[PDB]
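Notes for the one structure printed next.
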Amino acid sequence: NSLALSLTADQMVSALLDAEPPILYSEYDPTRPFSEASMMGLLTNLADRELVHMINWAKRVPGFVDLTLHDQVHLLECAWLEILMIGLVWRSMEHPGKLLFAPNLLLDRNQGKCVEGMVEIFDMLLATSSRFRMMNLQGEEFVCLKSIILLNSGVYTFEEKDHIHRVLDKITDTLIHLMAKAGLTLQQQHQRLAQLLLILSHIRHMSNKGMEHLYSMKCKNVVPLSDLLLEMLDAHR
Amino acid sequence: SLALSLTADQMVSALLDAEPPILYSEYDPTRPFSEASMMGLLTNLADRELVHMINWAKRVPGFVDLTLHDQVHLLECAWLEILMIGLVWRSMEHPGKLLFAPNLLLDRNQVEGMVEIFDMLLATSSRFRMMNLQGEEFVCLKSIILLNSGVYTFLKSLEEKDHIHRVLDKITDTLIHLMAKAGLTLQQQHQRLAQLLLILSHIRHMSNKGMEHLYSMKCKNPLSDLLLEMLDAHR
Amino acid sequence: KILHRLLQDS
Amino acid sequence: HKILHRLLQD
Ligand SMILES: CC(C)=CCn1nc2c(C(F)(F)F)cccc2c1-c1ccc(O)cc1O
Ligand SMILES: CC(C)=CCn1nc2c(C(F)(F)F)cccc2c1-c1ccc(O)cc1O
């Protein structure tokens, strides 16, 4: 029996909020990246450090620790880029037209154009960001969504499955709880719930497109990829 | 428009009535088939389904209200997702098998690095089965994909995006209406709604993986002119 | 464009 | 033997 299912809605929220990874910085340098090398250099370095925080974050997601080590590995291998991207989109919410990879690294689509096949992904991220903004997405909602991605994205590529789906149900309850607390009507609740979960389909799309692009520069040998990033990437092929 | 004014039961009736037919394949049990031959069957079958899908999309409430260029984009983005959820729905009552056609039932044991996609389609089918997905819910999910999958890859065009979101909220209302009529509690309705919509994330994943495999098959050289154009849209 | 054509048929 | 295997333990 998992502790996750015995948690109340507010306990679930507080657990996720406190498990939140910090916002990392990129290297301090006013040199705005335009070359493919320098931009991807800054992005890989950042992604690599964020991955270590993500791993220790995932272990603090209720129900994740009850999974076998292998299942934990599979879910992270499947979801990591989605988790990075929705984080990026969340951080960039209050910066319209901008992507806040780090507080000292604000990228616009003009810089995305300066790598081949990147601007389309930039535009999708920017659209998701403005979408988050027009919905007035809250932090409590954000952490629920990120947890959903972690548990859902690799669940159909597998009784620990029923466990994941019970935990998934628990998060749904938590999302509804947050909307009820925010004063939303019953109709507004299931409409907003649906709106949030449909964006996950787009997040999945961006991750898949990104994964293709990362495989290219990996085969290109453009930019130095760490062994950890290489292993996460190989899991998708 | 006519879409926004429809009741929930009217939405369901409109969608059920707009359902495309289930086509047959040219599969011959006695004929030997290579990987190229089996693919020929699937490509040919999908190509004929696309024609029905296009006419089906025009009877999805709200879709016709959209500009022609936006109708093209949504179909270009979602066509493989719609085919796949169609396949998964028809395969619901056939565990371990995929019913491409009434005369074409394949298992996992049948080729060219598509087994991974097969197993994902099989898992989704098994998921629908354990959830006991209803036809009224399926047609709603399929219409959601059509309207949602390409809505964020769209300067006066923002009004178009708002209209699509309104219709999407109607379909959500319709889904809830169905689950409430089935006697589900409030908590059960929201949970089931969430479960159904998370499946769309997996359906998007399968489509993207499928589109990758389609690109390589093209460069290997048997695709119709329509399929070729639909494939180029993603690249 | 085939898709563009099949859509506008009536 | 994956790095992720090790990182999920510490
Ligand atoms: C190898 C790397 C840097 C993976 C992370 N990554 N990849 C990205 C691409 C792609 F190269 F795939 F097209 C586009 C936009 C953001 C991308 C990120 C990324 C996302 C979030 C984040 O906090 C940091 C990142 O580098
Ligand atoms: C070029 C073709 C056959 C596109 C449609 N398509 N592609 C598929 C693949 C892939 F080739 F991508 F790996 C795997 C499984 C089913 C696939 C289908 C398909 C789906 C539903 C349907 O009713 C008919 C199909 O051929």
Side-chain angles (χ1 to χ4, degrees), chain A residues 16-17 20-26 32-33 39-40 42-43 46-47 50 54 79-115 117-150 153 175 178 191-211 213-214, chain B residues 73 77 147-154 157-158 160 162 164-165 168 197 200-201 204:
Chain A
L16 296 180
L17 287 182
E20 269 302 274
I23 296 177
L24 304 187
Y25 284 77
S26 75
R32 305 173 56 193
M39 205 197 71
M40 297 314 301
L42 292 170
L43 261 55
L46 185 61
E50 287 183 276
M54 186 191 304
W80 67 276
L81 190 49
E82 292 190 78
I83 298 174
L84 284 182
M85 278 177 171
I86 190 183
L88 170 60
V89 167
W90 166 254
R91 295 198 301 275
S92 307
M93 262 193 61
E94 316 200 274
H95 303 266
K98 300 289 201 305
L99 288 177
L100 198 142
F101 287 83
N104 59 344
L105 190 58
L106 207 68
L107 265 47
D108 50 45
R109 77 181 300 268
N110 288 333
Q111 293 170 281
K113 297 202 303 287
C114 287
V115 59
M118 173 73 67
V119 59
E120 287 85 357
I121 305 184
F122 265 44
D123 283 5
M124 287 187 282
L125 290 167
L126 290 169
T128 312
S129 182
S130 56
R131 177 55 175 175
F132 275 3
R133 194 180 174 271
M134 287 296 95
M135 296 184 57
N136 303 268
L137 182 73
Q138 297 297 293
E140 297 79 2
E141 292 174 311
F142 163 65
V143 296
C144 285
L145 290 182
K146 193 159 55 168
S147 290
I148 287 169
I149 293 173
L150 177 61
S153 290
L175 273 172
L178 291 167
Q191 284 188 356
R192 181 171 182 90
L193 174 65
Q195 288 164 9
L196 289 180
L197 298 176
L198 286 183
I199 298 177
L200 263 40
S201 169
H202 291 274
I203 293 177
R204 174 87 80 157
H205 191 66
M206 294 188 293
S207 170
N208 291 327
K209 296 270 92 182
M211 211 67 74
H213 188 254
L214 299 183
Chain B
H73 176 70
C77 286
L147 302 172
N148 174 69
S149 287
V151 79
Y152 296 141
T153 41
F154 272 143
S157 63
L158 282 176
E160 303 305 304
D162 293 337
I164 304 181
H165 287 108
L168 280 172
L197 295 184
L200 268 45
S201 161
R204 176 86 80 148

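Below, chain A is the first sequence line, B the second, and so on; all start at residue 1. Values below: all heavy atoms of this structure, side chains included; hydrogens, waters and symmetry mates excluded.
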Q: Can you label the angle between the A:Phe122 ring and the A:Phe101 ring as parallel, tilted or perpendicular, going by 30° and 60°?
A: tilted

[X] side-chain N/O to [Y] backbone N/O, donor-acceptor pair under 3.5 Å:
X: B:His73; Y: B:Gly150; result: yes
X: A:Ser207; Y: A:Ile203; result: no
X: A:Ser129; Y: A:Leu125; result: no
X: A:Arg204; Y: B:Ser201; result: yes
X: A:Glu20; Y: A:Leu17; result: no
X: B:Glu160; Y: B:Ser157; result: no
X: B:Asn148; Y: B:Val151; result: no

How many angstroms lie between atom [atom1] of [X] and atom [atom2] of [Y], to the nearest 0.5 angstrom?
X: B:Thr153; Y: A:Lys209; atom1: OG1; atom2: NZ; result: 10.5 Å
X: A:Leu88; Y: A:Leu100; atom1: CG; atom2: CG; result: 8.0 Å
X: A:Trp80; Y: A:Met211; atom1: CH2; atom2: CE; result: 5.0 Å
X: A:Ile86; Y: A:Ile199; atom1: CD1; atom2: CD1; result: 8.0 Å
X: A:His213; Y: A:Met206; atom1: NE2; atom2: CE; result: 15.5 Å
X: A:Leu43; Y: A:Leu107; atom1: CG; atom2: CG; result: 7.0 Å

Identify the two heavy atoms, one from [X] and one from [Y], that lie closest to each other, and give their separation to 0.1 Å.
X: A:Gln138; Y: A:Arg192; result: N-NH2, 4.4 Å
X: B:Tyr152; Y: A:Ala127; result: O-CB, 3.7 Å
X: A:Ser26; Y: A:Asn104; result: O-ND2, 2.9 Å
X: A:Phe142; Y: A:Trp90; result: CE1-CB, 3.5 Å
X: A:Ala47; Y: A:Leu84; result: CB-CD1, 4.0 Å
X: A:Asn136; Y: A:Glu141; result: O-OE1, 4.2 Å

Q: Mind running side chain to side chain contact (heavy atoms under 4.5 Å, CB included) on A:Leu150 and A:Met54 for me, showing each step along the way?
A: CA-CA 10 Å; A:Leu150 177 61; A:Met54 186 191 304; over 6 Å; no

(Q) Checking A:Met118 against A:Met39 for the side chain to side chain contact (heavy atoms under 4.5 Å, CB included) test, could you report, in this order, the C-alpha distance in whole Å, the side-chain angles of both residues, the deciding distance, and whether it holds? (A) CA-CA 11 Å; A:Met118 173 73 67; A:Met39 205 197 71; 3.8 Å; yes

Q. Is any NZ, NE, NH1 or NH2 atom of the basic residue among A:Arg91 and A:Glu50 found under 4.0 Å from an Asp or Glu carboxylate oxygen of the other?
A. yes

(Q) A:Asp123: which residues meet the side chain to side chain contact (heavy atoms under 4.5 Å, CB included) condition with it, sequence neighbours left out? (A) A:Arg109, A:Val119, A:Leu126

